[PDB]
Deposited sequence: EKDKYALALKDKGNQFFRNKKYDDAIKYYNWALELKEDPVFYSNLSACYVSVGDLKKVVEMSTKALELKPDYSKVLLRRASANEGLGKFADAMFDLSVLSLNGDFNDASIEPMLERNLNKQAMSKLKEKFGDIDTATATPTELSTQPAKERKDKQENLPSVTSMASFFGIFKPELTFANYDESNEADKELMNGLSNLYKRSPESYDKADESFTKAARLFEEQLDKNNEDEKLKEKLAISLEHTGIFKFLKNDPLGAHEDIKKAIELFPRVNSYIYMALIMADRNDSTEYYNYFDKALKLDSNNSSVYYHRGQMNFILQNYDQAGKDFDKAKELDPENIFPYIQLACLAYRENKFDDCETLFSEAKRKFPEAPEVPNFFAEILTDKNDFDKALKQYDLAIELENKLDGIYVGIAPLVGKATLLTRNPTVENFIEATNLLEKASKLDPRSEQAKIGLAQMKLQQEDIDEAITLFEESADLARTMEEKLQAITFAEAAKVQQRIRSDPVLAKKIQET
């Protein structure tokens, strides 16, 4: 009569589950398994682990369950979703594909799930191969020492003033500050460029128009093609070197094709500022992307020495060891910088995304919130929308009647502070699409498209949009639409 208390335990557990006291139920299920190895006990296990957010467990218990009872859609579909959470798209489609056959589920219910997974899978494999978000600008210019001077500063000259305006709006974080710097920089370029013809052989004018263009091209780089970005900073070098010019040049080239010439541009830069710690940081990134995980973290040390205050030289090395499966050196190295600059939102935010990767959902979730705190705690901008979107991500990673609102809440906000952020836009479109608001979902995807940086990301957005449009066309007239409602 063990089944008596086998059944008894289950039920008693079902309650410890009912009142959200999940941690409790699990036990009663684990011990009820001692009496009888009934699949339902595993199904119930995987079920609660979901509410807890433990996906690797959900995928285990779910398997054990199926292993004793193949015909178990309620479970298989759960593993299909749990797999998607762990980012295991291939398995996600396998479970779904096996599901589309066996049980008679099918219908426009699981079809979209496959599409989404296939999508993420393709986009992922592919990766082994107007101005962008404000939160990116900030992370891009954060490695440089903020300029605010520039010699022979102004006169009652409008050009010299525009330069100051933009050069001021460049740094100083704050929203719109970046867009402001852009327009003023370009204008400063128009003027000087004009004044230069009145003094074709002027020194102070070239230097001014030099730094003026040195910035116009960088924003162009951040904008469309490196076409203009080149001629601009190139002419800038011709007018007057300037460290940043070379560094920027070394990117517009490393951008495409190959020419180990830029690894010499840094050198051309050092020719001026032999200790311009920003250079050693970038040379570290290039060597870091060149799979050269050594010389990379070698330059960084020089970046940290020639400027300990700069947080990035730490963040890079921090978990660089992660791309070297040295989670040990990482987890602690991040901590070193996690308390050395106990006010910097970066560490919390980045270390967070890395914990999310290594699948430490329980921790990476806390880290983001920490970043979100230290973030708005300062009137700057550092790690802007990043945390909000980054958080909603690992959340949606586990769809929940509740959890989904938390995310859609975060994304909605995020997409308001940084409208130029597609990462946020698609997020919502994805959300509103699951919320049967296909109509709303479409508009978002469509817009997400416009915001997307490259064609691949654009092709991604349109597919959904299109898949949604066909869904929208089907959900017309109750004659067919109502038929879909039966769920």
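Where C-alpha coordinates are absent, the deposited sequence of this PDB chain has only the segment 130-156.
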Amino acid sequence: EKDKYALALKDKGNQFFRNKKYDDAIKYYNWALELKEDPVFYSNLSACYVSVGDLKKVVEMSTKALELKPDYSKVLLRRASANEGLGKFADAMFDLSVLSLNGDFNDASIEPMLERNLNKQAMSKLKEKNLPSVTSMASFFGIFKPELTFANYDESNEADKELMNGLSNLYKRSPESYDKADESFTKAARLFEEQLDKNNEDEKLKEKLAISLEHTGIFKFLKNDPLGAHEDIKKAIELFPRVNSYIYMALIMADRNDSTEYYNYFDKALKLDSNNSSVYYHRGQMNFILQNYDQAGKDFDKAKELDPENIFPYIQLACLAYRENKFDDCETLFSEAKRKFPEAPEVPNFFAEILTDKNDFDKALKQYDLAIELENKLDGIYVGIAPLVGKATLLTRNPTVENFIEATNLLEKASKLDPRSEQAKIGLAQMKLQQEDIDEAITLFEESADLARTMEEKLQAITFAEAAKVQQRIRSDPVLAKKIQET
From here on, numbers count along this sequence of modelled residues.
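When 56-64 is weighed against 31-39, 31-39 comes out higher, by mean CA B-factor as recorded in the entry. When the two stretches 331-339 and 86-94 are set side by side, the higher mean Cα temperature factor goes to 331-339. In the PDB entry, the Cα temperature factor peaks, among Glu373, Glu261, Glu183, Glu412, at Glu261. Going by the entry's values, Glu309 shows the largest Cα B-factor out of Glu115, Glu128, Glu309, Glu162. When the CA B factors of the chain's modelled residues are split into thirds, the value for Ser212 lands in the lowest one. Per-chain ranking of the deposited C-alpha B factor places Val479 in the highest third. In the PDB entry, a CA B factor belonging to the highest third of its chain's modelled residues is recorded for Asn102. When all modelled residues of the chain are sorted by CA temperature factor, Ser46 is found within the middle third. Compared with the other modelled residues of the chain, the Cα B-factor recorded for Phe140 ranks in the lowest third.
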